[PDB]
Each structure stands twice: as structure tokens, then as C-alpha cells.
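Student: Let me give you the structure first, and then I'll get to my questions.
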Amino acid sequence: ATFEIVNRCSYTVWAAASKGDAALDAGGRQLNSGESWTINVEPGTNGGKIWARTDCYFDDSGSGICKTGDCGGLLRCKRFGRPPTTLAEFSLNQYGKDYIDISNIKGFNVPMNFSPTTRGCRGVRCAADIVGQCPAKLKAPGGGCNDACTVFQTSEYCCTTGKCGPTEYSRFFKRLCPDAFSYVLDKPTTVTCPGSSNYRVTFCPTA
């Protein structure tokens with residue numbers, strides 16, 4: 001499956017793609033404002049994620065650091081990124097269908113639209129100014145808006161016991177972005193697409 005990653009932000013971002021235990025395609029690449037990078041993800045990929053990283057510095061070997069979404073200091077991500085990270089999530093060819101969603105469970109750093117480039121389903125989007133409107137206690141000094149689990153580490157925010165409800169903090173993310181997961185047990189906003197669909201992830205879509 002192809003995923004065209006487009007950066008419509010006025011600032012550079014370093015795209016990242018991983019399934020947690022391995023990189024997807026090259027795993028990561030710099031995207032200056034306006035640039036597009038197309039990656040290929042193997043069919044059957046379960047639990048894949050794509051996200052943006054901001055304010056990164058990498059050396060010749062591809063090692064360094066990013067203020068948001070850093071994945072073990074690597075340009076080419078092999079693992080998931082450090083919150084806050086707006087997440088485009090997908091599981092492909094799961095019993096004949098693809099499943100996509102956007103999640104704010106790990107916080108928000110950059111606005112995003114995640115849509116299919118093929119027929120059969122609609123896209124999802126979270127493009128509100130969550131960083132600008134972020135509640136004081138969730139603001140990440142390093143940049144972005146942290147999720148409450150990251151900030152407070154409680155069973156309720158982290159939904160560790162599998163028994164949790166919405167919170168004042170999750171409601172903030174849900175209010176700004178109704179179409180993205182605001183907490184672990186949020187009412188699903190996952191879209192079912194035809195198996196083997198292709199997609200486009202756009203950072204700063206309303207730009």
C-alpha cells in the first residue's frame with residue numbers, strides 16, 4: 001500500500017512511520033514545507049502509525065533529537081515516537097478490510113488529515129489549533145499538547161485497568177477534534193476502508 005505523506009505546514013517536519021517493533025519503509029524522512037514523500041507499507045501491517053516530528057537535529061549518521069515525536073534519536077524511526085504526537089493509525093488487510101483513525105491519546109503536536117486516495121471510504125481529520133488552545137497543565141515545555149496519561153500517570157487517564165471514563169482533559173481533545181480518539185475507551189472513530197486501499201497523510205491540512 002502506498003502512503004503519500006505531504007507537509008502543508010509552513011514549518012519543516014520530520015515524518016515518521018513505524019509499527020512499534022520495526023520501521024515502515026525507510027521509517028522517517030525530512031519534509032520541508034510543501035514536500036511530499038511516498039512510502040510503501042506491506043499489506044497486512046497491523047498497528048502501524050505515521051506522525052510528524054518537529055524541531056529535529058540529526059548528524060551525518062542520522063542520529064540526533066526532536067522536540068516532539070522523537071523515536072530514540074533516530075532519523076529513520078524503528079519505534080514509536082515520544083509524546084506529544086498526533087497519530088495517523090492503521091491496520092491493513094485485516095480480514096479483507098483496512099482500518100484507519102487519528103488519535104490524540106498520545107497528545108497532539110501537528111494538525112493532520114488522514115484520507116484514502118482510493119475509493120470506498122472517507123478520511124478522518126484533526127486540524128484544530130490544539131496546541132494554541134491547550135490547557136495550561138497539559139502544555140509540553142518542549143512543544144505540543146500532552147495527553148493526560150503522559151502528564152499524570154494515573155490508572156484513570158492511562159486506562160490501565162481497562163476501566164476508565166472520559167475526563168476533563170480528554171473532553172478538551174474531543175471538543176477540538178471530535179473525529180479523533182481522545183482517550184483509550186473513547187467511542188471509536190475508526191473508518192473501515194476496502195482492503196489494500198492507498199492513502200495520503202497531510203500535515204497542516206487547513207493551511
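Note on naming: chains are A, B, ... as they come in the C-alpha cells, residues start from 1 per chain, ligands start from 1 in the order shown.
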Show me, as a ChimeraX atom specification, the residues that have an atom within 7 Å of residue A:179 when counting only C-alpha atoms, minus same-chain residues fewer than 6 positions from it.

Tutor: /A:124-126,189

Student: Give the helix (DSSP H, G or I) residues of stretch 65-189 of chain A, as DSSP finds them on the backbone, and put them as an MDAnalysis selection string.

Tutor: chainID A and resid 130:133 136:138 148:152 155:158 168:176

Student: Looking at only C-alpha atoms, which of A:190, A:198, A:109, A:91 is the one that sits closest to residue A:13?

Tutor: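 For residue A:13, the nearest of the given residues is A:109.
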
Student: Do a neighbour search on residue A:42 at 9 Å with only C-alpha atoms, toss out local chain neighbours closer than 3 positions, and write the hits as a list in words.

Tutor: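 Here the qualifying residues turn out to be residues 1, 2, 24, 25, 45 and 92 of chain A.
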
Student: Select, from A:111, A:20, A:43, A:96, the residue with the minimum atom-to-atom distance to residue A:71, counting only C-alpha atoms.

Tutor: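 Of A:111, A:20, A:43, A:96, the one nearest residue A:71 is A:20, counting only C-alpha atoms.
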
Student: Which neighbours of stretch 155-168 of chain A fall inside 8 Å, counting only C-alpha atoms, when residues of the same chain fewer than 5 positions from it are skipped, and could you give them as a ChimeraX atom specification?

Tutor: /A:148-150,183-186

Student: Give the strand (DSSP E) residues of chain A, as assigned by DSSP on the backbone, as number ranges by chain.

Tutor: A: 2-7, 13-18, 23-31, 36-40, 48-58, 64-68, 87-94, 97-103, 112-116, 124-126, 191-194, 199-203

Student: Determine the nearest neighbour of residue A:205 from the options A:34, A:69, A:188, A:27, counting only C-alpha atoms.

Tutor: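 The shortest atom-to-atom distance to residue A:205 comes from A:34.
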
Student: Quick one: everything within 7 Å of residue A:36, counting only C-alpha atoms, minus sequence neighbours fewer than 6 positions away in the same chain. Send it as a list in words.

Tutor: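 So, after excluding close chain neighbours, the residues are residues 4, 5, 6 and 7 of chain A.
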
Student: Excluding same-chain residues fewer than 6 positions from stretch 49-55 of chain A, what lies within 7 Å of it counting only C-alpha atoms, as a list in words?

Tutor: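 Listing them by chain and then by number gives residues 13, 14, 15, 16, 17, 18, 19, 66, 67, 68, 69, 70, 85, 86, 87, 88, 89, 90 and 110 of chain A.
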
Student: Can you tell me, as a list in words, what residues are no more than 7 Å from residue A:75 when counting only C-alpha atoms, ignoring any on the same chain fewer than 3 positions away?

Tutor: residues 28, 29, 58, 62 and 63 of chain A

Student: Could you state the separation of atom CA of residue A:116 and atom CA of residue A:197 in Å, given to one decimal place?

Tutor: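 Atom-to-atom, atom CA of residue A:116 and atom CA of residue A:197 are spaced 6.6 Å apart.
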
Student: I need the residue nearest residue A:122 from this list: A:138, A:194, A:176, A:81. Use only C-alpha atoms for the distance.

Tutor: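 Ranked by minimum distance to residue A:122, first place goes to A:194.
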
Student: With only C-alpha atoms as the atoms that count, which of A:65, A:74, A:112, A:105 lies nearest to residue A:200?

Tutor: A:112
